[PDB]
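As structure tokens, the structure follows; a few thoughts come after it.
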Amino acid sequence: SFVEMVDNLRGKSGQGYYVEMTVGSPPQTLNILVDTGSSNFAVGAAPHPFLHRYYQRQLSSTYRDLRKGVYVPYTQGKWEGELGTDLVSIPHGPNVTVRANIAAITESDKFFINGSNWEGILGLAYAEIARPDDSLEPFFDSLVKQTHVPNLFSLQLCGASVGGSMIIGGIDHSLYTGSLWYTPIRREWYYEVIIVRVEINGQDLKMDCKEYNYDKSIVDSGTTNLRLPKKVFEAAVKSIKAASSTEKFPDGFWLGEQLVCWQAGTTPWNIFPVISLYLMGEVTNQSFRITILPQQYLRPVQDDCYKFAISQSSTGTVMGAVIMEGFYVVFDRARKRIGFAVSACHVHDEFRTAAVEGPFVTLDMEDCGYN
Ligand SMILES: CCCC(CCC)S(=O)(=O)C[C@@H](NC(=O)OCc1ccccc1)C(=O)N[C@@H](Cc1ccccc1)[C@H](O)CNCc1cccc(OC)c1
């Protein structure tokens, strides 16, 4: 826990959450995007049309070239650069400094966002998925080995300019309500979790739970949308369309292309269903569920306009930022589990409310994992 980290995140809708950091000696200040979806710490180290500032290794008396190149291809977007180490600090985070690996981005393609206000990315996932390989120790691992910071972190992403919190090394009880529920981390590469059941407005999607994790399911703060495997994505949309069949929208809308708008304050929330994702529990045949309100999957962009924030994937399910916004998520690395609880900045609806409920019986949860 810690008072000093409570409102340490910012960013605008659909463009990621970032924390302030400093690299080099003297300290160079940079806004770094918090990404539990990757494992590389990387910062712009050269001019780019979208960067307002960048890491200047020549001005840091502590920079050390590892004389190895590196590149990372993301779902959408990629960068190239040079590996080296330097001292790093999180002003509104723990009170320590550590020497961490840093990828000085020299070239990039569809990575940096125009007007996002962040110049780097902090991959908080495990080494197993780092570039060039798992031998490049991720930032957090370094932080944990060099300091006393406990091996754990929590994220409170709030919807809207946007804000939130990253509690390095603990859980701040003032950021959530109710009980914290934990789902195991299936394997330590991405923050993989196993989905056991899916319901739209109470109706079971009735699919083979293996489909929910076809390939895999991960908790990715680096991704905006809820990403679903083809088959699941088609079932969901079909169900969501029917629920709101009272009104008609263009195919481009469901594809995430063109947005939809309603006269200010007249958004028909009631016609959009809630989605419940049941996750594997900590006890035998026991699971729990988190419920997403349409306010979460209809991202805001005169009138009120929104973008359907659920899209199909060919790389498994991705519990993106919109899924995380209604809750307080605990990345308990130390106990290989992830916790969910209603967030202090929860979403609102006079008649409906996002939730984290348990316990639930769910037989054969193991058969839900993909192989
Ligand atoms: C900040 C939110 C940007 C969105 C809005 C853009 C209009 S996004 O689009 O949701 C970002 C997503 N992109 C996305 O979801 O793209 C979908 C898409 C749309 C159109 C065409 C192709 C793909 C994504 O790639 N995220 C990675 C972080 C990142 C941050 C900022 C810029 C580029 C990347 C994250 O690390 C991926 N974690 C799984 C992963 C996957 C593969 C290899 C990995 O390496 C360890 C790891």
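Ordering of the structure tokens sets the chain letters (A, B, ...), residue numbers begin anew at 1 in every chain, and ligands are numbered from 1 in the order given.
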
Each chain A residue no farther than 7 Å from ligand 1, nearest pair in Å, only C-alpha atoms and all ligand atoms, as CSV:
```
residue,atom,partner,partner_atom_place_in_ligand_line,distance
A:14,CA,ligand 1,5 (C),5.8
A:15,CA,ligand 1,1 (C),4.6
A:16,CA,ligand 1,1 (C),3.8
A:35,CA,ligand 1,36 (O),5.8
A:36,CA,ligand 1,36 (O),6.9
A:37,CA,ligand 1,38 (N),3.6
A:38,CA,ligand 1,46 (C),3.8
A:39,CA,ligand 1,46 (C),5.8
A:72,CA,ligand 1,45 (O),6.6
A:73,CA,ligand 1,43 (C),5.8
A:74,CA,ligand 1,43 (C),4.1
A:75,CA,ligand 1,25 (O),3.9
A:76,CA,ligand 1,16 (O),4.4
A:77,CA,ligand 1,33 (C),5.0
A:78,CA,ligand 1,33 (C),6.8
A:111,CA,ligand 1,32 (C),4.4
A:112,CA,ligand 1,32 (C),6.0
A:113,CA,ligand 1,32 (C),7.0
A:121,CA,ligand 1,30 (C),7.0
A:123,CA,ligand 1,36 (O),6.8
A:129,CA,ligand 1,46 (C),5.2
A:130,CA,ligand 1,46 (C),6.0
A:220,CA,ligand 1,38 (N),5.8
A:222,CA,ligand 1,28 (C),4.1
A:223,CA,ligand 1,10 (O),3.4
A:224,CA,ligand 1,10 (O),4.0
A:225,CA,ligand 1,10 (O),5.7
```

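The protein and nucleic acid residues lying at most 10 Å from residue A:103 are residues 40, 41, 42, 43, 44, 45, 66, 68, 69, 70, 71, 72, 79, 80, 81, 82, 83, 84, 85, 100, 101, 105, 106, 120, 121 and 131 of chain A, with only C-alpha atoms considered and sequence neighbours fewer than 2 positions away removed.
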
Excluding residue A:166 and residues on its chain fewer than 6 positions from it, collect all residues at most 10 Å away from it, counting only C-alpha atoms, and give them as a list in words. residues 1, 2, 5, 6, 7, 8, 9, 17, 18, 19, 34, 92, 93, 153, 154, 155, 156, 157, 172, 328, 329 and 330 of chain A

Those same residues - N, CA, C and O atoms - I'd like them written as a JSON list (two decimals), in the first residue's frame.
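Listing of again-v5.json after writing:
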```
[["chain", "number", "residue", "atom", "x", "y", "z"],
["A", 1, "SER", "N", 0.86, -1.23, 0.00],
["A", 1, "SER", "CA", 0.00, 0.00, 0.00],
["A", 1, "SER", "C", 0.87, 1.24, 0.00],
["A", 1, "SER", "O", 2.09, 1.13, 0.02],
["A", 2, "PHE", "N", 0.23, 2.42, -0.01],
["A", 2, "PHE", "CA", 0.97, 3.70, 0.03],
["A", 2, "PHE", "C", 0.15, 4.85, -0.48],
["A", 2, "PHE", "O", -0.35, 4.83, -1.60],
["A", 5, "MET", "N", 1.16, 6.90, -3.95],
["A", 5, "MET", "CA", 0.92, 6.33, -5.27],
["A", 5, "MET", "C", -0.54, 6.37, -5.72],
["A", 5, "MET", "O", -0.85, 6.09, -6.88],
["A", 6, "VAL", "N", -1.44, 6.72, -4.81],
["A", 6, "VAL", "CA", -2.85, 6.71, -5.13],
["A", 6, "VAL", "C", -3.30, 7.34, -6.45],
["A", 6, "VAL", "O", -3.98, 6.68, -7.23],
["A", 7, "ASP", "N", -2.99, 8.58, -6.76],
["A", 7, "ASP", "CA", -3.47, 9.03, -8.07],
["A", 7, "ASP", "C", -2.32, 9.17, -9.06],
["A", 7, "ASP", "O", -2.26, 10.15, -9.79],
["A", 8, "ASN", "N", -1.43, 8.18, -9.10],
["A", 8, "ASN", "CA", -0.28, 8.26, -9.98],
["A", 8, "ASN", "C", -0.45, 7.87, -11.45],
["A", 8, "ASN", "O", 0.54, 7.69, -12.14],
["A", 9, "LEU", "N", -1.67, 7.74, -11.93],
["A", 9, "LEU", "CA", -1.86, 7.40, -13.33],
["A", 9, "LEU", "C", -2.73, 8.42, -14.05],
["A", 9, "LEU", "O", -3.60, 9.05, -13.45],
["A", 17, "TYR", "N", -3.05, 4.10, -19.93],
["A", 17, "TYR", "CA", -2.75, 4.76, -18.67],
["A", 17, "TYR", "C", -1.24, 4.84, -18.49],
["A", 17, "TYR", "O", -0.51, 3.88, -18.80],
["A", 18, "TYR", "N", -0.76, 5.97, -17.99],
["A", 18, "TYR", "CA", 0.67, 6.13, -17.79],
["A", 18, "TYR", "C", 1.04, 6.66, -16.42],
["A", 18, "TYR", "O", 0.26, 7.33, -15.75],
["A", 19, "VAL", "N", 2.27, 6.35, -16.04],
["A", 19, "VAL", "CA", 2.84, 6.76, -14.78],
["A", 19, "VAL", "C", 4.11, 7.56, -15.10],
["A", 19, "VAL", "O", 4.74, 7.35, -16.13],
["A", 34, "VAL", "N", 1.59, 2.02, -18.71],
["A", 34, "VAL", "CA", 1.55, 0.82, -17.86],
["A", 34, "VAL", "C", 0.93, -0.33, -18.66],
["A", 34, "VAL", "O", -0.27, -0.33, -18.95],
["A", 92, "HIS", "N", 6.03, 9.12, -8.03],
["A", 92, "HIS", "CA", 4.83, 8.83, -7.25],
["A", 92, "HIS", "C", 4.67, 7.33, -7.06],
["A", 92, "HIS", "O", 3.58, 6.77, -7.23],
["A", 93, "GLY", "N", 5.77, 6.68, -6.71],
["A", 93, "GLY", "CA", 5.76, 5.25, -6.47],
["A", 93, "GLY", "C", 6.64, 4.95, -5.27],
["A", 93, "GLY", "O", 6.86, 5.83, -4.44],
["A", 153, "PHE", "N", 1.63, -6.04, -7.29],
["A", 153, "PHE", "CA", 1.18, -4.70, -7.67],
["A", 153, "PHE", "C", -0.29, -4.69, -8.03],
["A", 153, "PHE", "O", -0.84, -5.69, -8.50],
["A", 154, "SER", "N", -0.95, -3.57, -7.79],
["A", 154, "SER", "CA", -2.36, -3.45, -8.09],
["A", 154, "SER", "C", -2.66, -2.23, -8.95],
["A", 154, "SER", "O", -2.01, -1.19, -8.83],
["A", 155, "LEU", "N", -3.65, -2.38, -9.82],
["A", 155, "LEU", "CA", -4.05, -1.30, -10.71],
["A", 155, "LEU", "C", -5.51, -0.93, -10.56],
["A", 155, "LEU", "O", -6.39, -1.79, -10.58],
["A", 156, "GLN", "N", -5.75, 0.37, -10.41],
["A", 156, "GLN", "CA", -7.10, 0.90, -10.31],
["A", 156, "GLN", "C", -7.28, 1.83, -11.50],
["A", 156, "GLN", "O", -6.91, 3.00, -11.44],
["A", 157, "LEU", "N", -7.81, 1.30, -12.60],
["A", 157, "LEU", "CA", -8.01, 2.13, -13.78],
["A", 157, "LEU", "C", -9.42, 2.70, -13.72],
["A", 157, "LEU", "O", -10.40, 1.97, -13.60],
["A", 172, "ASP", "N", -3.91, -1.24, -1.55],
["A", 172, "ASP", "CA", -4.42, -0.09, -0.81],
["A", 172, "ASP", "C", -5.93, -0.28, -0.67],
["A", 172, "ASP", "O", -6.70, -0.11, -1.63],
["A", 328, "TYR", "N", -10.73, -3.18, -9.16],
["A", 328, "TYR", "CA", -9.41, -3.00, -8.57],
["A", 328, "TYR", "C", -8.78, -4.37, -8.80],
["A", 328, "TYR", "O", -9.23, -5.37, -8.24],
["A", 329, "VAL", "N", -7.76, -4.41, -9.64],
["A", 329, "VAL", "CA", -7.12, -5.68, -9.98],
["A", 329, "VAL", "C", -5.78, -5.88, -9.29],
["A", 329, "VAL", "O", -4.87, -5.06, -9.39],
["A", 330, "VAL", "N", -5.66, -6.99, -8.58],
["A", 330, "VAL", "CA", -4.44, -7.27, -7.85],
["A", 330, "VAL", "C", -3.61, -8.36, -8.52],
["A", 330, "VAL", "O", -4.04, -9.51, -8.66]]
```

Excluding stretch 251-265 of chain A and residues on its chain fewer than 4 positions from it, collect all residues at most 9 Å away from it, counting only C-alpha atoms, and give them as a ChimeraX atom specification. /A:237,241,301-312

Apply DSSP to the structure's backbone, then extract all residues of stretch 17-157 of chain A labelled strand (DSSP E) and return them as a PyMOL selection string. chain A and resi 18-23+28-35+41-44+64-73+78-89+98-109+120-123+153-157

With C-alpha atoms retained, export the selected residues as a PDB file, in the first residue's frame.
```pdb
ATOM      1  CA  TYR A  18       0.666   6.128 -17.791  1.00  0.00           C
ATOM      2  CA  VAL A  19       2.839   6.763 -14.780  1.00  0.00           C
ATOM      3  CA  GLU A  20       5.662   9.278 -14.399  1.00  0.00           C
ATOM      4  CA  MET A  21       9.226   7.933 -14.272  1.00  0.00           C
ATOM      5  CA  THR A  22      12.811   9.141 -14.488  1.00  0.00           C
ATOM      6  CA  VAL A  23      15.781   7.516 -16.162  1.00  0.00           C
ATOM      7  CA  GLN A  28      15.152  12.569 -17.104  1.00  0.00           C
ATOM      8  CA  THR A  29      11.366  12.667 -16.718  1.00  0.00           C
ATOM      9  CA  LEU A  30       9.137  10.597 -18.996  1.00  0.00           C
ATOM     10  CA  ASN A  31       5.527   9.419 -19.019  1.00  0.00           C
ATOM     11  CA  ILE A  32       5.455   5.619 -19.282  1.00  0.00           C
ATOM     12  CA  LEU A  33       2.424   3.555 -20.377  1.00  0.00           C
ATOM     13  CA  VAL A  34       1.549   0.822 -17.860  1.00  0.00           C
ATOM     14  CA  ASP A  35       1.288  -2.455 -19.803  1.00  0.00           C
ATOM     15  CA  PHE A  41      10.681  -1.536 -20.542  1.00  0.00           C
ATOM     16  CA  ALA A  42      11.092   0.737 -23.557  1.00  0.00           C
ATOM     17  CA  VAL A  43      11.363   4.491 -24.084  1.00  0.00           C
ATOM     18  CA  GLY A  44      11.712   6.778 -27.075  1.00  0.00           C
ATOM     19  CA  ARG A  64      25.487   1.607 -20.071  1.00  0.00           C
ATOM     20  CA  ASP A  65      25.249   0.144 -23.563  1.00  0.00           C
ATOM     21  CA  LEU A  66      24.548  -3.596 -23.606  1.00  0.00           C
ATOM     22  CA  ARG A  67      25.587  -3.540 -27.263  1.00  0.00           C
ATOM     23  CA  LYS A  68      22.643  -5.672 -28.371  1.00  0.00           C
ATOM     24  CA  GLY A  69      19.745  -4.600 -30.552  1.00  0.00           C
ATOM     25  CA  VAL A  70      16.088  -5.393 -29.985  1.00  0.00           C
ATOM     26  CA  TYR A  71      12.661  -5.109 -31.548  1.00  0.00           C
ATOM     27  CA  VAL A  72       9.185  -5.940 -30.277  1.00  0.00           C
ATOM     28  CA  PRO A  73       6.174  -6.693 -32.448  1.00  0.00           C
ATOM     29  CA  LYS A  78       6.158  -2.317 -33.198  1.00  0.00           C
ATOM     30  CA  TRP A  79       9.409  -0.601 -32.297  1.00  0.00           C
ATOM     31  CA  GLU A  80      13.149  -1.136 -32.731  1.00  0.00           C
ATOM     32  CA  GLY A  81      16.077  -0.026 -30.602  1.00  0.00           C
ATOM     33  CA  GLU A  82      19.141  -0.596 -28.441  1.00  0.00           C
ATOM     34  CA  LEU A  83      19.402  -2.371 -25.092  1.00  0.00           C
ATOM     35  CA  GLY A  84      21.229  -0.722 -22.226  1.00  0.00           C
ATOM     36  CA  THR A  85      20.847  -0.205 -18.493  1.00  0.00           C
ATOM     37  CA  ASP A  86      20.378   2.891 -16.381  1.00  0.00           C
ATOM     38  CA  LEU A  87      18.920   3.950 -13.033  1.00  0.00           C
ATOM     39  CA  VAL A  88      15.154   4.309 -12.857  1.00  0.00           C
ATOM     40  CA  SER A  89      12.666   5.850 -10.459  1.00  0.00           C
ATOM     41  CA  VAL A  98      17.125   0.601  -9.461  1.00  0.00           C
ATOM     42  CA  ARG A  99      19.285  -0.224 -12.449  1.00  0.00           C
ATOM     43  CA  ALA A 100      16.977  -1.705 -15.055  1.00  0.00           C
ATOM     44  CA  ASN A 101      17.159  -2.867 -18.647  1.00  0.00           C
ATOM     45  CA  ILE A 102      15.969  -0.220 -21.061  1.00  0.00           C
ATOM     46  CA  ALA A 103      15.198  -0.456 -24.760  1.00  0.00           C
ATOM     47  CA  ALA A 104      16.191   2.843 -26.332  1.00  0.00           C
ATOM     48  CA  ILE A 105      13.632   3.037 -29.132  1.00  0.00           C
ATOM     49  CA  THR A 106      15.353   4.230 -32.328  1.00  0.00           C
ATOM     50  CA  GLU A 107      12.599   3.414 -34.852  1.00  0.00           C
ATOM     51  CA  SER A 108       8.891   2.688 -34.524  1.00  0.00           C
ATOM     52  CA  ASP A 109       5.811   1.880 -36.583  1.00  0.00           C
ATOM     53  CA  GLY A 120       7.635   4.960 -23.160  1.00  0.00           C
ATOM     54  CA  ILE A 121       6.092   1.626 -22.246  1.00  0.00           C
ATOM     55  CA  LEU A 122       6.562  -0.462 -19.108  1.00  0.00           C
ATOM     56  CA  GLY A 123       5.904  -4.155 -19.712  1.00  0.00           C
ATOM     57  CA  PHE A 153       1.183  -4.703  -7.667  1.00  0.00           C
ATOM     58  CA  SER A 154      -2.361  -3.448  -8.090  1.00  0.00           C
ATOM     59  CA  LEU A 155      -4.048  -1.305 -10.711  1.00  0.00           C
ATOM     60  CA  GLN A 156      -7.105   0.904 -10.311  1.00  0.00           C
ATOM     61  CA  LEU A 157      -8.013   2.128 -13.777  1.00  0.00           C
TER      62      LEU A 157
END
```

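Minimum atom-to-atom distances from A:140, A:288, A:181, A:50 to residue A:119 were compared using only C-alpha atoms, and the lowest value belongs to A:50.
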